[PDB]
């Protein structure tokens, strides 16, 4: 039945190898498994996608319009730079939860700005991969 769009942006494929002091030793496979297990608890399915390509994420949002209950998004660095990604989230009309493994507000000033936070129903930061589980919980209860 209900489907959640799980979108991971640039560099998320490198989770577990990239800056482990900041992002931890968990993998993207762990993220998808955790979100899928949480959704299954609520009778929902997860359609997951990761890409270093902003255009692929936008295409995914457009394609999910009208057919998914919501979106869990970790835009990566696009969080602080893409108005196009924000416009895509708005075009999707999907209730969207923004997730960050790290706490961007405890990092460089350029990470303190998120175009997505303008459209997101909720923002979860610094909870590690557990943020994805909470994000699924939010969407399952909005629905």
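Residue numbers count along the first chain shown, from 1.
Q: Which of the two stretches, 13-21 or 127-135, shows the higher mean Cα temperature factor in the record?
A: Taking the mean C-alpha B-factor of 13-21 and of 127-135, the larger value falls to 13-21.
Q: Looking only at CA atoms, which has the higher mean B factor in the entry: 48-56 or 29-37?
A: Comparing averages over the C-alpha atoms only gives 29-37.
Q: Tell me, please, which of 83, 106, 61, 97 has the highest C-alpha B factor according to the deposited entry?
A: Comparing C-alpha B-factors across 83, 106, 61, 97, the top value belongs to 106.
Q: Against its chain's modelled residues, does residue 4's Cα B factor rank lowest, middle or highest third?
A: It belongs to the middle third of the chain when residues are ordered by C-alpha B-factor.
Q: By its CA B factor, does residue 74 count among the lowest, middle or highest third of the modelled residues in the chain?
A: For residue 74, the deposited C-alpha B-factor lands in the lowest third.
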